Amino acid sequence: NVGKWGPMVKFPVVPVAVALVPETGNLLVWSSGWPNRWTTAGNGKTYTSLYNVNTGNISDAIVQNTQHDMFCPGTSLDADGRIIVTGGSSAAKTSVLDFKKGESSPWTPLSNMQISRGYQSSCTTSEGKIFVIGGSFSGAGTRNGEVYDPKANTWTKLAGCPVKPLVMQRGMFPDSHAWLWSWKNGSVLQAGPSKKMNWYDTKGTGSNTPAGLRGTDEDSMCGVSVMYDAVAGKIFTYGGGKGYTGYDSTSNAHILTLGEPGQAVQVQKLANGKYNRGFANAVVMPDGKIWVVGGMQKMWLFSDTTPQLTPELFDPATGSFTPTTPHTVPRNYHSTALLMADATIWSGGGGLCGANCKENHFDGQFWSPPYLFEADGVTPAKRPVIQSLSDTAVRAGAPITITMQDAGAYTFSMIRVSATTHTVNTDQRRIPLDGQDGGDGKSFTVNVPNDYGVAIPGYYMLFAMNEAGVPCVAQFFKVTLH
């Protein structure tokens, strides 16, 4: 159950930030105003490159954003699949890439934020708004909460969403990389990294209230988290350190269960994973498992030291970790990982620390999980195929009929299309879906969850898994607002 790595893929810029492009499933990567280094002030622009999943072509680096150096930003995908990037080296700026205008088309400007910032977390709310909080890499002033309304192109400060409750006890950027999870009725859970979790309400003038401690965990900066079953309110959390740098990361593992906003979050401690990680990435897969890749033990920036080179596959049903095939290149600070529509997982990056810096890793690979192989773990399985969807844009609650190429007993899931940088990926979540068989074992009808706190608006990958657990290549669709 180790899966398999594909060949090394090399980009012309260090892939410190990555995004899955809706509909094509291409992988968009970016560094900063340079291919190979960064500054706090930035270079007023960003270099990007695109990996084409159908041809394998890697594009030359282009200056795709001429106004914003998007190093160290917040990232979110909105209700229409636009990638909204906030702050970073150009600390006040909001930029948008709308894939409908072309994947290599220019990023365009949106309204500046109320509070300039960098290393914040951003998330798309149940209302389709974009909430940001924290972020002290760049910017100025107490990095309190604000919300973007994409229909009005406005940012509004939320007096009731102060950053103070989430700030960690120690270390650099203690208000940054919050573990933000959007939930019911415009709520946002800050699940960490501070051991003190907090609810935020993004409606009106805002509000906040304690959500409890994360069990007996310590503060866990650049730990990872992922909502692996949004219908059940389930979030997995792993690792991190008591400060941004200078401490040993942990191997602590927890499952959080969300009830109603404002109410205590239930926390279950699991057996620790085998490898303590800071600066790892975690990726939810269509079957509900989670892959944890990279990270280091003693946390330092721009460093290949104490690398964890063996990823782990976590099964939330059983609470169990198993090792997968090791990589040779460290994936520490500035590494990325991302689920693809073919159900493989990108892993790459790390560094961005000058010309001829040995810590720069321009490369990565795609990991094929065990579910793409037969029971020997080595022969590529024959995959099912989605022949049709009845609709590609549906509201919450709405039915989708999925027609499979081959008859069988299938299960289904929808995984929200996402983007990541600096261990932060608020966009990814998984919704399992039960399908009603149409009578031939080919057509199955599912319904999208009715609650927009569960089915956050935007683009999702629909996966179908045969009876043995092998997933199809996903089809894209969007969950639309009223």
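Don't overthink the numbering: it's just position in the shown sequence, from 1.
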{"property": "Per the entry, higher mean C-alpha B factor between 355-363 and 88-96", "result": "355-363"}
{"property": "Comparing 118-126 with 322-330, the one whose average Cα B-factor in the PDB entry is higher", "result": "322-330"}
{"property": "Selection from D315, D149, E312, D229 [criterion: highest C-alpha temperature factor in the record]", "result": "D149"}
{"property": "Residue with highest C-alpha B-factor in the PDB entry, from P432, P449, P457, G439", "result": "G439"}
{"property": "Third of the chain, ranked by Cα B-factor, where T142 sits", "result": "highest"}
{"property": "Position of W107 among the chain's modelled residues by C-alpha B-factor, lowest, middle or highest third", "result": "highest"}
{"property": "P261 by Cα B-factor - lowest, middle or highest third of the modelled chain", "result": "highest"}
{"property": "Chain third (lowest, middle, highest) by recorded CA B-factor, residue given as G377", "result": "highest"}
{"property": "Where the record places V53 (Cα B-factor, split into thirds across the chain)", "result": "highest"}
